[PDB]
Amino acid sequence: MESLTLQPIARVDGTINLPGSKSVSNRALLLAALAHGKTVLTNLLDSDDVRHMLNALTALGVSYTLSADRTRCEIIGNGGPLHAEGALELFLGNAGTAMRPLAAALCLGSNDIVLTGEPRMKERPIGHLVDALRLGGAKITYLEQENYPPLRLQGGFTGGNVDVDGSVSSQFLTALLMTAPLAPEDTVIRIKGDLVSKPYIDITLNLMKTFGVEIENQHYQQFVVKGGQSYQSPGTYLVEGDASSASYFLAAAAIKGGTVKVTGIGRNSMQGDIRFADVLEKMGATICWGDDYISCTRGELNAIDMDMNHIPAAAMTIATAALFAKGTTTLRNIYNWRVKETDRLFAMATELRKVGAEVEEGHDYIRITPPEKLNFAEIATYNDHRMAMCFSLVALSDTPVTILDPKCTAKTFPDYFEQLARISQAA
């Protein structure tokens, strides 16, 4: 068991050029692979989730080249649905943005492919997506627990009337949206009830349009898609910096700045997590917006009580930032934290108490009352990059913190600790 100990950080200040967005990167790679023509992606993220998508594309026969730092990728589009037979196994780590989208996309035409991943991925739900794909004609088999990967895909999604549950993950709808345009028949996707993580759907539609396809969005309750379309290379495409990864650095400034500026995202970003900056502002920090940067400057930090369903990833960062705020913070409507890299409500509550907070772990919310002063803890990270990054903020205090399995940040941000160190100042 590897670990990293962070000594107290007296002040943070500086500029971070953000690693590429994981959400945009994996959507762009799959759309580029399906598209006609050569796509050149720049500012692509190099992290485990992207690497698993790249390996899957290699396995499927897609040709591409990567620059030395793996942030520039020249992809030769397949000009249509990807194919493989013989129950070829694609190992997808714990990448939801590879597992959910490929589970749908590979249902086009005939195929015989198995999708699997790390143990935790076999515990992340996918039944709502499988139900929807089957309504459209796909043949899908659960090889282990019903409603979870691994899956054996045998093709057959032709389109039609498809209902999909949007209450647990927006990724199921995302996967259907990217797939349906290439199906032979038109598809009408009806959302059953609620839709969580709605901003990620806007990221999907934005990327689909960049690749030549638009659909009819009826108030997010129903989506009308014309079949028989084709994705087309947009030529060179710049991947946005990752707004979820930015959250740690902006929160660091709100706690212990200084001014921290992150570049690669700005007021025009398509990512929902730039709204994390509005939460810091509500807590008392000062935010500056640019075309290609967001900056945060220390002001004060007051507790808040907010529904965080629109920024589930960055919301975790408020849970540790809350340790430094005045008052009790409550984060609501975040049930799906439970079905991600780990059950994040259980994990966040457990680790927060270790550094001294009094915490109520609600079924779909968390309430945090900070201690007068933090104490040292060895933080468990649950194979979850975000637990490691969130708890790194404990060091913006008088106490060091030890983070177990620090390399788990590689899921989306291999260089996280060096980047936090870059803005950490002793004076």
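Numbers follow the displayed sequence, beginning with 1.
- Higher average CA B factor: 72-80, of the stretches 72-80 and 94-102.
- Stretch comparison (56-64 versus 387-395) by mean CA B-factor in the PDB entry places 56-64 on top.
- Take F324, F172, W289, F249 and read off each C-alpha B-factor from the entry; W289 has the highest.
- The entry lists C-alpha B-factors for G258, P184, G117, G241, and the highest of these is at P184.
- Among the modelled residues of its chain, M316 has a C-alpha B-factor that falls in the lowest third, as given in the PDB entry.
- Split the chain's modelled residues into thirds by C-alpha temperature factor. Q7 is in the middle one.
- The deposited CA B-factor of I334 belongs to the middle third of values across its chain.
- The entry lists a Cα temperature factor for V224 that places it in the highest third of the chain's modelled residues.
- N147: CA B factor in the middle third of modelled residues in this chain (values from the PDB entry).
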